Every structure is written in C-alpha cells, then in structure tokens.
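**Q** My questions all concern the structure below.
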Amino acid sequence: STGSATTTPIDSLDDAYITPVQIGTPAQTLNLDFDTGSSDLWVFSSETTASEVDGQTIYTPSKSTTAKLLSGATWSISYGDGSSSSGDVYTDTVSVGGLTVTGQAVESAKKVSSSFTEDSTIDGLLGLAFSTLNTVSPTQXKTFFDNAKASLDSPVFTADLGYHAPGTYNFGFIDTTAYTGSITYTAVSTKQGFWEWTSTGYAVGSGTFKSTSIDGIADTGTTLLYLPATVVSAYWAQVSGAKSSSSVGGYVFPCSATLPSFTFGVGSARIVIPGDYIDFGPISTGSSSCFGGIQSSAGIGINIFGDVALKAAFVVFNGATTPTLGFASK
Ligand SMILES: CC(C)(C)S(=O)(=O)N[C@@H](Cc1ccccc1)C(=O)N[C@@H](Cc1c[nH]c[nH+]1)C(=O)N[C@@H](CC1CCCCC1)C(O)(O)C(F)(F)C(=O)NCCN1CCOCC1
C-alpha cells in the first residue's frame, strides 16, 4: 500500500505545515502537524477542557464506531518550546492520503498549554520519530509509520516541503519526478530516538566548504535551522547589516538584504539553501528588520535541521530495520 498527502504552510512564514488526517469511522478530518522530532499522535478532542479550545477541529471518539478506550493508559508530553498536553488514549482507524491503519493509538488531550489553544490552525500532532519517544504509559505506543510498515510497498516515507507553497508527504514509495539528481543516503542513529545524523560540513555563499562533523536531527516539526555558535556566526558575518538581537533573541538583518546561500554536506554530496529561504520575515509587519532563518543551537543542546533546511531538499525517511536518511536536491 501507499499514501500521499498535500501539506500546507499554516501562515506566510512557513512557520509550520499541516496535513489532513482522517480519524475514525465515518472519518473526522483533522489538520495535524507532522513532526519527525516526536512520536505521539495527539489531538484536540471532545475531552479537552473547554476554555482551552479555540477554533481548532476536535476528535470525538464517542461519535466513531471503531474507537476503543485504551484502558489505564495515560500520556504526558512537553516540547522544546515548553508547551505541553496530557490526557488518555484511544485506538482507532487512521487514514493519511489513502493509507489506512487500524488500532492506531490516538491520544486524546484532556488539557493543552496556551500556545496550542492560541494556535487555531493546528488540531494536533502526528509524531514520526522512533517509538521509544512515545509518552503513553504504561506501555508505549508506536507511531503511524511503525503501524503502517507491514503493509507499505517500501518501509519508507518522504518529506517534500514547499517554500511558501504546498508540499507532499508520501508513504511506501519514492517519487522520482520530485527531485533532481540522485538521493544520497546517510546513516541514522536512533540512540536518542531521533532521526539523528551527522553533516560533513558547510559552506557560506560562494566561499569554501569546510569539512566539520555537524551532529544534528532532521525535524519537520521545527521551523528554523539551529547550528553551532561558530558556524552560525560565520554565516551572519557575511551579511553586513546583521547583528545578534538580545531583545528579539537571535540574528536579525535589514529586510532589504540579499542573503548568501548556505550549503550543508551529506556524505560527498551538497545541499544548498537559497539565501531567500533564510530570510525568515520582518520582526513586525512593516519593519525594516527581519529575523534570520539560521540561529544558534547553544541554548538548545542539539543541532536541528528543521524546516528551513528540509524544504530545500527531497528528504527520504527510510525506516528499514537499520534506518537511514536520504537527501536529494529539488
Ligand atoms: C514561531 C517560532 C519563533 C519560529 S517557534 O520556535 O516557537 N516554532 C515552533 C513550532 C510552531 C509551529 C507553528 C506554530 C507554533 C509553533 C518550534 O520550532 N517548536 C520547537 C521548539 C524549539 C526547539 N528548539 C527551539 N525551539 C518544538 O518544540 N518542536 C517540536 C514539535 C513542535 C512542537 C510545537 C507544536 C508544533 C510541533 C519537536 O517535537 O519537533 C521537537 F523536536 F522540537 C521537540 O521538542 N521534541 C520533543 C521530544 N520529546 C521530549 C520528551 O520526551 C519525548 C520526546
């Protein structure tokens, strides 16, 4: 089997991407944030405290004929930006781009944090990291991808994120029309549960590629590109108007700049982000100062290849028993 689904920037910044998923019988369609940096399918639901729901679409399990209470199971999660939700656990039929899974764990929020309430466009999260990161106890869990793997034509899914446009998530096959050149594969480490890989260095603009190991995770659920302090400082030192803002919290530059490209290595291969990907947006509507799309990871503890990198590439998540990561240019 295979599936395919249009994914959609939630705003004009590419702050995040949402994807329609059908849950239950007759399907309820919810707009979920596909997140390869966590492994919980959690939704807004009829169980959510009401003063905490705010425009979102909700999952009603009682209205689905195929929902079953997962007795005794609860979950709690918190993300890197400090937001959080908890509640209890159903299994139910879940469908993504015509790819259907049964007795998939759907995690039902009883409470959500403020950031989630205030975010009207995202109805919940589909976690696509490894299943060890799943928060449901007493037994975790296991993601959509894992549940699907047995029926997939290939134990694989691809991320095709568009710049200021729609894109594609595919499961079970690889679309050869979707990129240019060949995929280079790199080794994954599942030690921390992440899509964790090691970049072989970087170049800024037209200058020299520098061979240095950059350990980092590929993370569709993170907006920006976070790199070590000395790599990021080396980029922004090419942009004449760029300074680090304490108040705004990272590198800003004049919106009028033309930014240099940034190349990261994958094995012997190179992936170039266009300078335009890295102009993130004005810090206020009508500002002359913009917020940069590459920031320091020093406060975070790990490097994140997030949306700014990934939407520059056709990215292949190969979940064979030894997982690897694929990059093509597009
Ligand atoms: C607007 C912004 C200034 C650019 S922002 O940084 O707030 N963007 C958010 C994403 C977002 C999209 C749309 C609307 C609102 C917010 C963002 O980048 N969130 C990061 C926070 C971060 C990391 N570094 C610096 N900041 C995050 O938590 N991302 C997780 C997925 C997100 C969570 C918020 C909702 C959208 C999905 C994540 O899973 O990808 C993660 F990897 F970052 C993460 O925190 N994974 C948590 C891993 N858990 C830990 C507990 O054990 C199990 C595993």
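Here Swiss-Prot sets the residue numbers for chain A, with the shown residues being 90-419 in order.
Backbone N, Cα and C atoms are what each Cβ position is placed from, and that goes for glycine too.
Checked Swiss-Prot, it gives:
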{"type": "ACT_SITE", "residues": "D124", "note": "active site"}
{"type": "ACT_SITE", "residues": "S288", "note": "active site"}
{"type": "DISULFID", "residues": "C344-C379", "note": "disulfide bond"}
**Q** Just how many other Cβ atoms lie inside 10 Å of the Cβ on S288 (active site)?
**A** 22
**Q** Determine the recorded positions, out of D124, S288, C344, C379, lying near ligand 1 in the sense that the CB is under 6 Å from one of its atoms, and give them in sequence order.
**A** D124
**Q** What Cα-Cα separation, expressed in whole Å, is found between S288 (active site) and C344 (disulfide bond)?
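**A** Given the Cα positions, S288 (active site) is 29 Å from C344 (disulfide bond).
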**Q** Other than its own, how many Cβ atoms are within 10 Å of the Cβ belonging to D124 (active site)?
**A** 21
**Q** So of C344, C379, which of the disulfide-bonded residues has the fewest other Cβ atoms within 10 Å around its own Cβ?
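**A** Taking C344, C379 as the disulfide-bonded residues, the minimal 10 Å Cβ count falls on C344.
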**Q** Between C344 (disulfide bond) and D124 (active site), how many Å separate their Cα atoms?
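**A** Given the Cα positions, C344 (disulfide bond) is 29 Å from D124 (active site).
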**Q** What Cα-Cα separation, expressed in whole Å, is found between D124 (active site) and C379 (disulfide bond)?
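**A** Cα to Cα, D124 (active site) and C379 (disulfide bond) are separated by 26 Å.
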